[PDB]
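A.B. asks: pasting an experimental structure, sequence included:
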Amino acid sequence: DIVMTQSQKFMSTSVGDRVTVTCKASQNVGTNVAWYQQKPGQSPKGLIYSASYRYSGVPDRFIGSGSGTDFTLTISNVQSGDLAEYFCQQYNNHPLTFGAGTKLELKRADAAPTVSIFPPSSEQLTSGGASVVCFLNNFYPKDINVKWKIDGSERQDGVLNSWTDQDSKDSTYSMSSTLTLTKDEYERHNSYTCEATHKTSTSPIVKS
Amino acid sequence: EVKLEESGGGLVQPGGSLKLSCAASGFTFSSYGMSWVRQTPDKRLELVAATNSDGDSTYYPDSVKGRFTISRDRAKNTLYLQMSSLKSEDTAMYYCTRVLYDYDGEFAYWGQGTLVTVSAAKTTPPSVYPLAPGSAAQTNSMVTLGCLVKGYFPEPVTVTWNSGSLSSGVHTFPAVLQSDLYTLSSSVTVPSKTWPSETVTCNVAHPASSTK
Amino acid sequence: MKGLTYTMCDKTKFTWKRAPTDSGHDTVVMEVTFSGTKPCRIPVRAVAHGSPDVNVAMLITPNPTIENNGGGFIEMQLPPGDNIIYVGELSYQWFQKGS
Amino acid sequence: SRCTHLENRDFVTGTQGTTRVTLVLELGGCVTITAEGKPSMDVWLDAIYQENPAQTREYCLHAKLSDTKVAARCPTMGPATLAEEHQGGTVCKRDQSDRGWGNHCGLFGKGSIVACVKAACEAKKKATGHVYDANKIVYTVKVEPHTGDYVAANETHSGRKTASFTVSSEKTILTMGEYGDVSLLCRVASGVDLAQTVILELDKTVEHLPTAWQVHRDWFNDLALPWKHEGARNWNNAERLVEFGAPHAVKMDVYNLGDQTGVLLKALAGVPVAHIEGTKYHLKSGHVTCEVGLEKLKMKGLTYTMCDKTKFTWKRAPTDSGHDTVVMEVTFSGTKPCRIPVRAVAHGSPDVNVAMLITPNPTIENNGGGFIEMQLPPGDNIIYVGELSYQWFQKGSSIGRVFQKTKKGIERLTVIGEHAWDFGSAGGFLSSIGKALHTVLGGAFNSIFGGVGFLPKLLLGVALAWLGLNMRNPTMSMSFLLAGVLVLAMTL
Ligand SMILES: *[C@@H]1O[C@H](CO)[C@@H](O)[C@H](O)[C@H]1NC(C)=O
């Protein structure tokens, strides 16, 4: 099958700038060009076909080019409604293979995170378990450390990382952190503290 | 307003069978064509069954060739996908599509999409836990909230904060696969004056067994 | 044959690269430019005059497929009379001149 | 209505069950399709053209000669040659002069001579033939319903839907406003026989002439004028506008011979014409077989009232329309829009409605309605419009209309009518058997003679008829009948 490799995996841009996304092809497919725009939870949008045509409902903000192996989806005037996932596609071959998805991002500075580490209350001690809950919020870029300080002891047990799309209001990224213990291990250690070390800011910021 | 309402999203074990539908509107049927496209949870798209206008014939990639049966209806506005012998990696967002007048391979309008999780083990429900801090330091601009959805199987999820009142500064996590179990979390950001004075209780309404 | 594990093509993306003409031996030749979902069984059909129900396209190239670098040439023998040779939505008015 | 703008108007009725109306639209005809329960459909072939078809042999009319060189030799002193004997576009003739001792030969008698010219032409004196292509010829069909409006020829009609038909078209779903959709399925190759159609073209910039013409291929290759092709410099068979004479030992004068605008076009007995408008070579004669599906049509104003019985100011009075149909124009200034109280009662029975309408559901509209054509039985026909009657008489006869349809069976079954037996709709034992017994006739008569001419038609007819009378064998005495077809039939 003809693979469609996007060179731009995780790219960022400003509001007023014009950027473009390219896409590889295993062989010369020519004018079998197709792109998309899907937001998380919402639908994709079949914007441009054959690299130069549109559908009624697509503005002049979305142009395109590229006939052959390398394609071109140039977008001018990147709105708040362009914070989405851009797919690649050839419709030459059967099957009509797809791109993994270009997550277009909004440009934002390097910020410091915050943690509200919450040990379990009396509502979870009935079930016999105690799952201590951490949060890493409000940080750019995505590179951040997830660790635990159970009386300051290093513990890789309880590192579960999930990603989150850039926020429409706050423009942040998120990486999860959650611990799974019992009632006995809850009653063996007093101080509970979660660690969040940003790429630039090397300080764990805590409610100790 | 062109609408493609997906339906038939259930929870069936591997080697099972489903029957998808798609309520179509805003376009005449036989002038266009209808197809299915799936999206894996790790953001890698994949075709299910692309097919032309008028119900002439059916295509399948060699991953699913000879097992499924895509069919249609003109006046009733329903795209079917009679599936059978489910692979365990068929857990993917199935999308009803709408190809153009020219049948361009790509699909101009789309639908909201459903999730047909093909999971091995039987389903388990989570519980609700609006937790609270113990040993603790001084006030800040904002101190975020906490609730955990743990010990459940399997996705999807619907979690909000206080029936949608406090939604300023959300941080939603879809899923983390861990030992045939998932575990997500969510956030909302208020100052240190709001938490002890007012009351905050998270909502765990997870549609694995659809309970609270 | 070649192209039995493929599908029927699009109806739209067929355009005449080449004009359907008579061979001098009672067959009609052509060549299409299909720039879409390749390769696939071309929907070649040709009705007659007096009954628009029945396809009467006695083919000479069976199972035409527009390959990734190949395909296009289709030849068919037809009974006398008016004949609408469809290649998808694209059609062609033809009179078979032989008796 | 375009059907009122000409004489050759033919009401193909839509009988109950007949929904796929096979027609033959001539170029310069108009078939109103009145189906019982459908809007009436004025359907007509508008134009037959092609956007600059290929050309064939062009023919110089007015020749032009220059560079005339004459050379002779004595009888036994090596007969004459010239460098222009074998140059392009040069017409020469070797001939025997009578070489005297005036130009000082050795002998008398037959000395050779040759003289050549440059057989050129005059500008804009080319008879440019054109053959149409089967793949680029366009048949234009305009269709108009009966909205109650009448629009002239110098105006244009609003709902006049136009359908073009090429080699890559099958079926034209024409939306008839609120009347619905009409479906015309025309077939191009079963129309004008394009294999032997030469669109001959002279100077169109001459103001007082036609623009295109229409002639036949066989005669076109029987033209003995000098010819060439597109880009070919010199004239093939250029010895036809160039002739020679007899010299007197020195100079044979190769005479210029002139122009041919009269022998071609002016003394010539019964040949048709065509038209050019810019870059489309139109025709004026034609025919094409179309199937007309009325299945998506409906009448307009079925959920309205009837109008007043009094207020109808006659903007146009009813008159006889040459075809036993009666038109009118009511102007209604009351409660619009409404269905017009149209009736025409029987004579001898004053109750019975006999108004065989043509415009179905006559309705005055917000800005339209009024033109109500109807066909009537012969004699007394009392055309009410509500209580305000335009009391009326029609001049036809009962068997006169039937005999009129026999006269249409005479004149429409002409050379056009050899193929146009689809005036009805799949007649079975009326149409198919007719096609058989007339394909064997028209095929045989187009085969024999190749066209012979009316004077040879009557000469050969009366000659073989005399061989019918002067015959010994009673079995071969049917030569009077076999010649009888040649005398009686093809003399119109
Ligand atoms: C059509 O001809 C009539 C009669 O001369 C004239 O009154 C009318 O104005 C003409 N209409 C147009 C559009 O030329």
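C.D. replies: Noted; the coordinates are in hand. Numbers count the residues shown, from 1 in each chain, chains lettered A, B, ... in the order given.
A.B. asks: A strand includes residue B:195, no?
C.D. replies: No - applying DSSP: H, G, I helix; E, B strand; the rest coil, one finds residue B:195 to be helix, outside a strand.
A.B. asks: so residue A:161 touches residue A:178, yeah?
C.D. replies: No - using Cβ atoms under 8 Å, residue A:161 is not in contact with residue A:178; the gap is 9.8 Å. C-beta coordinates here come from the backbone N, C-alpha and C atoms, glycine included.
A.B. asks: more crowded one of those two?
C.D. replies: residue A:178 (25 against 15; other Cβ atoms under 10 Å in any protein chain shown).
A.B. asks: leaving out sequence neighbours, find the closest residue to that one.
C.D. replies: Nearest residue to residue A:178 in three dimensions, chain neighbours excluded: residue A:160, at 5.3 Å (Cβ to Cβ, 6 or more residues apart in numbering or on different chains).
A.B. asks: so who does that neighbour touch?
C.D. replies: A:176, A:177, A:178, B:176, B:178, B:183 (Cβ atoms under 8 Å, 6 or more residues apart in numbering or on different chains).
A.B. asks: buried ones among those residues?
C.D. replies: A:176, A:177, A:178, B:176, B:183 (16 or more other Cβ atoms under 10 Å in any protein chain shown).
A.B. asks: so which of the residues you listed sit within strands?
C.D. replies: A:176, A:177, A:178, B:183 (DSSP state E).
A.B. asks: mind listing the residues bridging to the second one?
C.D. replies: Legend: beta-bridge partners of residue A:177 under DSSP bridges are residue A:134.
A.B. asks: tell me the domain ranges of chain B?
C.D. replies: The record's domain split for chain B, according to curated CATH domains, is B:1-120, B:121-212.
A.B. asks: wait, which of these is closest to residue D:415?
C.D. replies: If you check each of those against residue D:415 by Cβ to Cβ, domain B:1-120 wins as the nearest, at 43.5 Å.
A.B. asks: hmm, the closest one touching chain D?
C.D. replies: No - Domain B:1-120 lies apart from chain D when judged by Cβ under 8 Å from any Cβ of the partner chain; the minimum separation is 11.9 Å.
A.B. asks: centre of the chain versus that domain, how much separation?
C.D. replies: 14 Å (Cα atoms, centre = their mean, to the nearest Å).
A.B. asks: and it, how far apart are its ends?
C.D. replies: Domain B:1-120 has an end-to-end distance of 39 Å (Cα to Cα, to the nearest Å).
A.B. asks: if we can go back for a sec, the ligand next: which of the contacts of residue A:160 are close?
C.D. replies: Checked against the ligand using Cβ under 6 Å from any ligand atom, the contacts of residue A:160 give no members in range.
A.B. asks: and which of the residues you listed is nearest to residue D:255?
C.D. replies: For these, with residue D:255 as the reference and Cβ to Cβ as the criterion, the closest is residue B:176, at 107.3 Å.
A.B. asks: can you tell me the closest non-neighbouring residue to the closest one?
C.D. replies: For residue B:176, the spatially nearest residue (Cβ to Cβ, 6+ apart) is residue A:160, at 4.3 Å.
A.B. asks: element containing that neighbour?
C.D. replies: Following DSSP states H and E, one finds residue A:160 outside all helices and strands.
A.B. asks: what does chain C have sitting close to chain A?
C.D. replies: Going by Cβ under 8 Å from any Cβ, the residues of chain C near chain A are C:6, C:7, C:35, C:36, C:37, C:38, C:39, C:40, C:68.
A.B. asks: if we can go back for a sec, just the domains of chain B: most buried one?
C.D. replies: domain B:1-120 (a mean of 18; mean count of other Cβ atoms under 10 Å in any protein chain shown).
A.B. asks: what's near enough to touch residue B:147?
C.D. replies: Applying Cβ under 8 Å, 6+ apart to residue B:147 gives the contacts A:133, B:128, B:129, B:130, B:131, B:159, B:185, B:186, B:202, B:204.
A.B. asks: beta partners for the nearest residue to it once chain neighbours are set aside?
C.D. replies: Spatial nearest neighbour of residue B:147, chain neighbours left out: residue B:202 (3.0 Å); criterion: Cβ to Cβ, 6+ apart. Residue B:202 has the following beta-bridge partners by DSSP bridges: residue B:161.
A.B. asks: and the contacts of stretch C:74-83?
C.D. replies: So stretch C:74-83 is in contact with C:23, C:26-32, C:42, C:44, C:46-50, C:56-61, C:64, C:85, C:87, C:93-99, D:187, D:189-190, D:289, going by Cβ under 8 Å, 6+ apart.
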